[PDB]
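The block underneath contains the structure these notes are about, expressed in structure tokens.
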Amino acid sequence: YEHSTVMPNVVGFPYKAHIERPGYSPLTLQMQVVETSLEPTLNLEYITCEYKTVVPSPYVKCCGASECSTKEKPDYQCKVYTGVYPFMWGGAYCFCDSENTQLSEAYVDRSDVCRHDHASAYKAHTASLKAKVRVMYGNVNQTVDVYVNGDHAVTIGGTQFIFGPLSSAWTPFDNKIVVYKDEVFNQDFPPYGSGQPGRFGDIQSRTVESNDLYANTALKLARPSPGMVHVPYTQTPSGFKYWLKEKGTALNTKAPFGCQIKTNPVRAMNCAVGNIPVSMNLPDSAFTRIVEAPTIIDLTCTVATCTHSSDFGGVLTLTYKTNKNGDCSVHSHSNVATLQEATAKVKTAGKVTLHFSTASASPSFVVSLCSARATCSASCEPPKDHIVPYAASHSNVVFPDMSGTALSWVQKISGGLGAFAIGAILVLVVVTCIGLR
Amino acid sequence: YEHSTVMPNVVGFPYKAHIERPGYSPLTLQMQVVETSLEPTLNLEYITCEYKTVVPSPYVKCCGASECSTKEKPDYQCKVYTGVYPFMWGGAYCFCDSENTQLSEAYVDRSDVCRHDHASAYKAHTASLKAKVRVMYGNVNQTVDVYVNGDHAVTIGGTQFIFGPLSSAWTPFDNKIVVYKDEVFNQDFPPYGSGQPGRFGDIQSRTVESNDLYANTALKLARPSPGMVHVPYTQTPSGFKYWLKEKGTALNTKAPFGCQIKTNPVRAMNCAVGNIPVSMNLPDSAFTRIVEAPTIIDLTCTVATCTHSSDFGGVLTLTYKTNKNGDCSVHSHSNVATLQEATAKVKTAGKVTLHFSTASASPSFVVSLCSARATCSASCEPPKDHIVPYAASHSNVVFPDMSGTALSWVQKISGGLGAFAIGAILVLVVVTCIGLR
Amino acid sequence: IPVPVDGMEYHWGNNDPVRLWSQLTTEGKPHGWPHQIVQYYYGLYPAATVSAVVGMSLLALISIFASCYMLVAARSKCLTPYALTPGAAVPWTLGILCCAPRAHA
């Protein structure tokens, strides 16, 4: 039996589908989500890690002429000097006073260790949902991992479920993201091969193991001071390190909708956004024959007390009259209130209690006990805490229903004004009639 | 020095960017594509290869009663009969006359060899350009591989090029494709677990090495004919084989825009669609000082002959007056013409010859020798071959320009009628005038 | 096989594919007499050429009709006052400059 319904994509919301197949007792199937991983597809644009400046020992070919021997290493700089007098310990480095050259050379390379300390710069475009869902109908008390796209078809002890595409496609990850260790920053990294010295990605590698190492870092050499053998260079410090200090707020601390962020298989979890359409197929065995399903007559509501708190702050007692005992489904058709129980026991005595949470001062809903109905009402009260450590257990519907105390006053004044207006128009039309004919 | 331009994504089109840096001699930077792989992302929905029907030898527990021992092999079918009389050569098969059973069983399995024959059923969604570009400004004559997505910044001897996102996102691959050996069909394969016998996907392996094998094939046994020990079965022939015979026209022979298709890294190459924006940053060393570049004065066109053929069928000679000898850029600012030479050699004699292709009977394009300008014109003729073996070397601009013979005649006719209309207007105005005052 | 300006690619047998291209080679005459220049363009986008030529011809005819319609209206306004009571036209001394001399006179 095909049934299509939509659940709010909110973790820990005890949703209760109420299927009513003709010829069988109404069946309530309670189910809720427990975690919704949202993995976005990734492409590794490039990997950045702190550079390491290699400076081979200067080659001083004194009273000769060393020439600038160019290379192709990352940001390789080769500078040849003249008229230098190295002063190695213990006296002059060689006989000749002048006409001596130092072949200074330096170049950049990936840090000796950044297989452990790199910062990926993925580029994520497409999302892909994945949710763990708990379903309890009859007695299965089962949980299953599913892909919310409308294709994966899970089966839970008979009944087969297919969760449709998410109502929305909002994704917290921007087009470009950066993943360092445990955070996913919404940076806008420079295009590969165009990093600037000092900012992010001054040193860019195509992949952690590959060796291209575009290393624009403004490495500039300088003339060694007289009487020494240094190889001075004025390089702009690590661009990656300055990124660490100026990283800014990560996405883990500003993801909308309380989207918890995990890193290794980069994903956003528990994103309370949109609704999940679900299609279910049920074998007849899951249902109950009407004849053996206890019937109910003289159904009524009696709300002992209702406090529209975040939790189940409302208790209502249903007075009924049945033919036998047993158990069967109970549901509230309207969403202004949500019931804690899903199936209630029916005894000979016509008294069944239920707990309902609500968010309206004067709620009303059609309670469906087993098979009958009862238009329900309540004069709910507000709680006084201002703060609670548990999520909301009631759809945030506040617009009261007709016949409530607030609107009953509105209707009273509206009716009085309407009667006054109706009186005025009746006299006016009467005067018009007698004035015409 | 930033400079942003757009090139046509046509293989072998000698595009010629012309950068005018004030305070420097203008530099013509010619560049052309040589191959544009268009690789989309894939998701291996499943694998289909010709099935094989395993039929274990019947277990005739005659002189007794065998029971149907059910299994769970792909499309497993076990059948048990009664009152059968095998005749295994040399006489009856057991001392009974009747009361014998044959336990026929048969099931489907992937072919012995389909690691070499499987036909993938990928599901490609997103594209990813990748192009090889050859650029020769001044003297570099270099070729580079680049990702055309606006994020790859290739450096070519100084200058930095970034090939922005492709103007058009058109992709020859539909949402669902099929790759057999060397062709990529745009089939619409059934989703996993829903194939039908005879057609594509009768036997669907989730992966070449994985073992699930949903092989719905309507395997059906039949009662063995008396007096023999065969195991009859009626199975719909290989659904994969039927697809091979009736595959139809592959995408390799109907891809739009002449897109050649390669399979292994499934991709469409040489797709001549859209425009590739190019942003280039250059070092001032590449440019040339004005004080050093030769100066040009009194520039004027003269087209010896223009035949708007596919190749460079138009020759124009520029007469000028310089102060020294050297080389510098030439470029046609308008698009109705495309020069073959990029940098022309300027000599003391005021005569330099150039070749240009076009597609307009009366093109008008202001060439730019070195640093000066000269409006240009020609009375082009059409060629007579009807067929050529090389691609067009001119942007397909056919609309003529005013002052052309075709436009001059309509200008002549339009002006005469306008003067006639104006004269009538003046005559009427005077007539109404003298009537009023 | 058709070979439009974009080009075509045939793959006879196992031989490697070959690509051709068709040039703009219409019949008729290039720059020259209009009755020969529309022919040169007729062949390049025949539908566009015929659509343009009729559009030009119709607009030209409308302009000519408007001018003639304007001229006759001027004659009507100019000749009505002179010929209401009297027969007089200043016999072509002032019958020309102002309006149509075509009065019988």
Could you tell me how many of the residues in the stretch A:334-362 are farther than 23 Å from A:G12 by Cα and outside any strand (DSSP E or B)? 7
From B:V11, B:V55, grab the single residue that is surrounded by 14 or more Cβ atoms within 10 Å (Cβ to Cβ), within 30 Å of B:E209 (Cα to Cα) and among the β-branched types (V, I, T). B:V55
Take the residues in the stretch B:316-330 that are surrounded by fewer than 17 Cβ atoms within 10 Å (Cβ to Cβ) and among the β-branched types (V, I, T), then tell me which one is farthest from the other protein chains (Cβ to nearest Cβ). B:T319
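Looking at the structure I just gave you, is B:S279 within 23 Å of B:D188 (Cβ to Cβ) and hydroxyl-bearing (S, T, Y)?
No; evaluated as a whole, the condition is false for this residue.
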Yes/no for C:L24 being within 9 Å of chain B (Cβ to nearest Cβ), surrounded by 14 or more Cβ atoms within 10 Å (Cβ to Cβ) and either of a type in the set (V, I, T) or within 29 Å of B:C259 (Cβ to Cβ) (or both): yes
Among the candidates B:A424, B:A406, single out the residue that is touching a residue at least 24 places away in the same chain (Cβ under 8 Å), surrounded by 14 or more Cβ atoms within 10 Å (Cβ to Cβ) and of a type in the set (A, V, I, L, M). B:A406
Which condition number in (1) surrounded by fewer than 14 Cβ atoms within 10 Å (Cβ to Cβ); (2) farther than 17 Å from A:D75 by Cβ; (3) not small (G, A, S) is the one that A:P237 fails? (2)
Find all pairs meeting these conditions: Cβ atoms under 7 angstrom apart; at least six residues apart or on different chains; first residue within the stretch B:93-122 and basic (K, R); second residue part of a loop (DSSP other than H, G, I, E, B) and surrounded by 20 or more Cβ atoms within 10 Å (Cβ to Cβ). B:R110/B:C49; B:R110/B:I203
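Answer with yes or no whether C:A66 is within 13 Å of chain B (Cβ to nearest Cβ) and either farther than 24 Å from B:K412 by Cα or surrounded by 11 or more Cβ atoms within 10 Å (Cβ to Cβ) (or both).
yes
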Segments classed as strands (runs of 3 or more DSSP E), wholly inside the stretch A:236-323, with at least 3 members that are within 21 Å of A:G350 (Cβ to Cβ): A:296-306, A:314-322
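Residues are listed down the side, and each one gets a yes or a no for (1) closer than 29 Å to B:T159 by Cα; (2) among the charged types (D, E, K, R); (3) in contact with a strand residue (DSSP E or B) (Cβ under 9 Å, 6 or more places away or on another chain):
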| residue | (1), (2), (3) |
| --- | --- |
| B:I261 | no, no, yes |
| B:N275 | yes, no, yes |
| B:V291 | yes, no, no |
| B:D298 | no, yes, yes |
| B:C306 | no, no, yes |
| B:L339 | yes, no, yes |
| B:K345 | yes, yes, yes |
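Those residues that are over 23 Å from C:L58 (Cα atoms) and either within 40 Å of the chain's Cα centre (by Cα) or more than 7 Å from chain C (Cβ to nearest Cβ) (or both), I need them from the stretch B:416-430; list them, please.
Selection gives B:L426, B:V429, B:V430.
To keep it simple, each residue is scored yes or no on (1) facing chain C (nearest Cβ under 7 Å); (2) over 26 Å from B:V303 (Cα atoms); (3) in a strand (DSSP E or B).
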{"site": "B:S368", "(1), (2), (3)": "no, no, yes"}
{"site": "B:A372", "(1), (2), (3)": "no, no, no"}
{"site": "B:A378", "(1), (2), (3)": "no, no, no"}
{"site": "B:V398", "(1), (2), (3)": "yes, no, no"}
{"site": "B:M402", "(1), (2), (3)": "no, no, no"}
{"site": "B:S414", "(1), (2), (3)": "no, yes, no"}
{"site": "B:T432", "(1), (2), (3)": "yes, yes, no"}
Hits in the stretch B:126-177 (condition: of a type in the set (A, V, I, L, M) and under 22 Å from A:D212 (Cβ atoms)): B:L129, B:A131, B:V133, B:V135, B:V140, B:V144, B:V146, B:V148, B:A153, B:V154, B:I156, B:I162
Exactly one condition in (1) more than 7 Å from chain B (Cβ to nearest Cβ); (2) surrounded by fewer than 15 Cβ atoms within 10 Å (Cβ to Cβ); (3) under 22 Å from B:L407 (Cβ atoms) is false for C:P34; which is it? (1)
Regarding C:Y10, is this residue closer than 25 Å to B:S403 by Cβ and either of a type outside the set (G, A, S) or under 21 Å from the mean Cα position of the chain (by Cα) (or both)? no
Return the residues of the stretch B:157-193 that are surrounded by fewer than 18 Cβ atoms within 10 Å (Cβ to Cβ) and among the aliphatic types (A, V, I, L, M); say none if nothing qualifies. B:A169
Can you tell me which residue in the stretch C:81-102 is nearest to the other protein chains (Cβ to nearest Cβ), limited to those that are outside any loop (DSSP other than H, G, I, E, B) and under 18 Å from B:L428 (Cβ atoms)? C:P81
Within the stretch B:58-106, can you find the residues that are surrounded by 11 or more Cβ atoms within 10 Å (Cβ to Cβ) and among the hydroxyl-bearing types (S, T, Y)? B:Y59, B:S66, B:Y76, B:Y81, B:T82, B:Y85, B:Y93, B:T101, B:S104
Take the residues in the stretch B:385-396 that are within 7 Å of chain C (Cβ to nearest Cβ) and surrounded by 15 or more Cβ atoms within 10 Å (Cβ to Cβ), then tell me which one is farthest from B:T358 (Cα to Cα). B:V388
Could you tell me whether the stretch A:114-135 includes any residue that is surrounded by fewer than 21 Cβ atoms within 10 Å (Cβ to Cβ) and farther than 30 Å from A:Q187 by Cβ? yes
It is to be established whether one or more residues within the stretch B:144-158 are over 25 Å from B:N264 (Cβ atoms), of a type in the set (S, T, Y) and free of Cβ contacts under 8 Å to residues at least 12 places away in the same chain. yes
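Does A:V140 fit the bill of being closer than 23 Å to A:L27 by Cα and either of a type in the set (F, W, Y) or surrounded by fewer than 19 Cβ atoms within 10 Å (Cβ to Cβ) (or both)?
Here the answer is yes, as A:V140 does meet what is asked.
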Of all residues making up the stretch C:1-34, the number that are over 12 Å from B:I387 (Cβ atoms), hydroxyl-bearing (S, T, Y) and in a loop (DSSP other than H, G, I, E, B): 1
Going by the structure shown, is C:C78 outside any helix (DSSP H, G or I) and facing chain B (nearest Cβ under 10 Å)? no
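Tally the residues that are buried (at least 16 other Cβ atoms within 10 Å of the Cβ) and under 18 Å from B:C306 (Cα atoms), restricting the search to the stretch B:346-365.
Going residue by residue through the stretch B:346-365, those that are buried (at least 16 other Cβ atoms within 10 Å of the Cβ) are B:346, B:350, B:352, B:354, B:356-365.
Narrowing the set further to residues that are under 18 Å from B:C306 (Cα atoms) leaves B:352, B:354, B:356-365.
The number of residues fulfilling the criteria is 12.
For neighbour counting, all protein chains shown are included, and Cβ atoms are generated from backbone atoms with ideal geometry for every residue, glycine included. Any read-out appearing in this document is the output of simple, stated calculations on the displayed coordinates, not a laboratory observation.
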